[PDB]
Amino acid sequence: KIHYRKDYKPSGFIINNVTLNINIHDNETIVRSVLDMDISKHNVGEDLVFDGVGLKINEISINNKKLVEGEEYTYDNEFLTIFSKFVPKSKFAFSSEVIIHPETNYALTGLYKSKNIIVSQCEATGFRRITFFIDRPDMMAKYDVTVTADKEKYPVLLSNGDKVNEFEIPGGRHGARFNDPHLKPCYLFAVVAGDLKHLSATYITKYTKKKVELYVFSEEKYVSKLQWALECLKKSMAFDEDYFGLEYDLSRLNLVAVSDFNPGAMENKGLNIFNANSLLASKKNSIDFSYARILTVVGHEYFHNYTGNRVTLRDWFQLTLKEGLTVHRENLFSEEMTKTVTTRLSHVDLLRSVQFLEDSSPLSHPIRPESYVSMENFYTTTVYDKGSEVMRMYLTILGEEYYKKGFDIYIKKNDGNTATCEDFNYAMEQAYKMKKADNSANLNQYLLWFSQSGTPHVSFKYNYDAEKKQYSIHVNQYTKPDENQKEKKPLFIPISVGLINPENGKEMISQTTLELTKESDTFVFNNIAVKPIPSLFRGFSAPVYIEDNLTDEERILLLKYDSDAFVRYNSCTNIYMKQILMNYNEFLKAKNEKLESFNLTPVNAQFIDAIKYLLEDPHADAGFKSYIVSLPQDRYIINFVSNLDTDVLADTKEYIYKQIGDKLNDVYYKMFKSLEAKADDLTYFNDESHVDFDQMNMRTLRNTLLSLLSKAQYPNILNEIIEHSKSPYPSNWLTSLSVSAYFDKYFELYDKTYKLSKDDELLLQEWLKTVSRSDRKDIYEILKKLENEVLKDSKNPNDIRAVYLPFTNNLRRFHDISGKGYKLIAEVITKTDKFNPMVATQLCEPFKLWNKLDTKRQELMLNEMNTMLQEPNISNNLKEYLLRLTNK
Ligand SMILES: NC(=[NH2+])NCCC[C@H](N)C(=O)O
Ligand SMILES: [Mg+2]
Ligand SMILES: [Zn+2]
């Protein structure tokens, strides 16, 4: 059954209070539930229908009167229908006792066992797997939750909000009772039972001076990995205070790491639950990236407390309202915390590769979809990441002071309520009127960012009149029609711009934002003393394809002299893309025409010089440098190529890297050696409260250079690889594994890094990813080895994703023209779907680009997807996904 956005209608029922008793035993969990309910003003005498999936009914009652199956109710394992003539016409209690089995719940939705922890995950529709409910986010209620369990196995019992009681129960059990005073949707319900250890701290809110207890929890083995998360939480709270004026609203906030988790984390009120890989780190047992990830995910979940929890969703179509906005808030936070331009660049990199691919695929949707079958399929980079760019554009358009004003209005007006995207636009519109000093100004056109799918293309033409000192920028926008809209409309696109004097490299104007609201416009600048080079979409100011129509000479000048990190990075990207497209077509023609000989265009020599120039500048960001010596992502490139022959693209990238290395490899080696002391310095190695993001960037750079030098078989590089493997930083010694792929020492380092990894669950998963990603001719045999020796029969999403996903990025081998990469992943998807549909769909990622490949590869991918579609008992989740991806 399809849900349509336009069909939204309030429930004919109200649920005011939920009182739960959750009694956990080894071989069953019993859930007793009383809902204090009422008839809404929208009620039209309908049956009372509860969602309830996979529940075993012991009893149901209305008002102390037992209801009888086949007489008063029916239940079909998805819906409990109570016939209207038995439903009261005023306030009443509904109560039920059901049996569930977390110990056999491998889908990790509802209540499940993760190792030795019992934990819930209810977003989006998991609560119906715990007990009967009207399981939709506009049914808000207050929760009174008792959990009971064996004391010895489950000494720590948690649910949302204030703990009001703990008590002994005969038989060696105990119970804990919680009251959450805040109205919430059921998706924000959580419970946890485990032998948990913690770190804690106290935080005093900035304005009202509330004392808040902060606890972070994990299994005993990993308690020493909790400290950075606790520091990140404090940073998050301070930031929401300082930037947004927002204070936490409960006496206690708990974060809990679990080993088996589908998402990254979950913002349950007062009880945030994390994938361990996004909560736990230590410097001896985690890669550098873990520290940024944890800062990101802790901040994200914390910021949900307002954007998601205190203001929640009217319906699931509004998902981007909490996810887009929360990602945006986390981006501001992370950028402020890390103080490196690579934070913003990394987000742009992900948008323009993964999200752009999505937006040009058959899966393309607007950030607010018009329909769904399974909401699970819309936790997408479109909803999260394009969402965040749409939320960011408000700040770009309004500026900080007015943005904060509009956000305040949003919070003030909707606090304690459900909300829609229109509510957020309305608030921003008020700030807009205030800023334009004009009560007739409006953001009606802005709404198109929510409803219209596809990436806009913004293109540029220029005129300089030297006599008048007058510069003109003519801008055009175009969105390609697709299955969502036959006719696309012009968006409100803010374009942040500067102008660079190419003669001296200086800024010629104060940075300004051009507001393009039409299909095209011409913006004219007076008193421009020399012909400038434009610096366009600074900070990446809108989520668009940029066609700068600049020469490579001009891009090089921007790369060298522009102040904006994005424009420099993008100028580099465009130079690479021109070269890739040229060399790709040259190889392609030679192949197609079976030429005995042909020419390749060399890489621009002034560009190579500019790379040298930047690398040798010790004041330039090391993270930025690592971007400039790397070609654009395959998934970014594919947006510019029809009928992509992956082997030809692989040859193209190889040729380009070789041409650059022939000039730069000695410089690369020099830098690798000179960066070492600063990069690998052990300051803070024992301090999980301090992270030097600049130093981490230096390590990234060194590892990037080592990778380039290894691929090139630079003289005696193996010696440096071996030495690198003895570093205390896992980022280094895991790099040494993957760069050794090109040498006979690979399996030696394979074994060594395994032994270093095998005793830490999360580090082992990093090791798995490193092997999966290894550039090996025998990679298929290696995957089999991983299957038989390490992964075996694991149902842990982290393990499965670690083994297979990174491999699918192997341009040469995953896309083997035999189709054996496709067949391998399809088999895994089908196997996984039998116990965890959510993860099965995630594993489909590689197929998203099927219709962009050459005809043979298209056919092979299509064959595998149609095969998956034919599997008996295929989940709704996977079926919906694959039917959409294959155009029906
Ligand atoms: N169906 C899902 N994938 N749910 C994941 C929920 C993640 C959580 N709402 C967050 O983004 O912080
Ligand atoms: Mg069941
Ligand atoms: Zn979120």
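Note: hydrogens, waters and symmetry copies are ignored here, and every other heavy atom, side chains too, is used. One is the number of the first residue; the rest follow in order along the sequence. Atoms within a ligand are numbered from 1 in the order they appear, just like the ligands themselves.
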Which heavy atom of the protein is the closest neighbour of [atom], given with residue, atom name and distance?
atom: atom 7 (C) of ligand 1; answer: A265 O, 3.2 Å
atom: atom 12 (O) of ligand 1; answer: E301 OE2, 2.6 Å
atom: atom 4 (N) of ligand 1; answer: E123 O, 3.6 Å
atom: atom 2 (C) of ligand 1; answer: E376 OE1, 3.5 Å

Going by the atom numbers of ligand 1, which of them fall below 4.0 Å from some non-hydrogen atom of [X]?
X: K322; answer: 9 (N)
X: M266; answer: 6 (C), 8 (C), 9 (N)
X: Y384; answer: 7 (C), 10 (C), 11 (O)
X: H300; answer: 10 (C), 11 (O), 12 (O)
X: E267; answer: 8 (C), 9 (N), 10 (C), 12 (O)

Return yes when atom CG of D415 has more than 12 non-hydrogen atoms of other residues, nucleotides or ligands closer than 6.0 Å, and no otherwise.
yes
Tell me whether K413 at atom NZ has more than 12 heavy atoms from other residues, nucleotides or ligands lying less than 6.0 Å away.
no
Name the one of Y75, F94, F133, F79 that satisfies ring pair (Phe, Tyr, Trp, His ring centres under 6.0 Å) with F50?
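Only one option passes, and that is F94.
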Counting backbone and side chain alike, does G54 bring an N/O/S atom below 2.8 Å of the Mg ion (ligand 2)?
yes
To the Zn ion (ligand 3), the closest N, O or S atom belonging to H300 is NE2
Relative to the Zn ion (ligand 3), which of the N, O or S atoms in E323 is the closest?
OE1
Looking just at side-chain N and O atoms, do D138 and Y8 make a donor-acceptor pair shorter than 3.5 Å?
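Short answer, yes.
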Does any donor atom in the side chain of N160 or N268 lie under 3.5 Å from an acceptor atom in the other side chain?
no
Classify the contact between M375 and ligand 1 as side chain, backbone, both or neither, using a heavy-atom distance cut-off of under 4.0 Å.
neither
Can the positive tip of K234 be found less than 6.0 Å from the middle of the six-membered ring of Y203, inside 45° of the ring normal?
no
Answer yes or no on whether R352 is positioned over the face of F540, meaning its NZ or CZ is under 6.0 Å from the six-membered ring centre and within 45° of the axis.
yes
CD1 of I273 to SG of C122, rounded to nearest 0.5 Å, is 8.5 Å
Heavy atoms only: give me the nearest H3-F317 pair and the separation to one decimal.
O-CZ, 3.5 Å
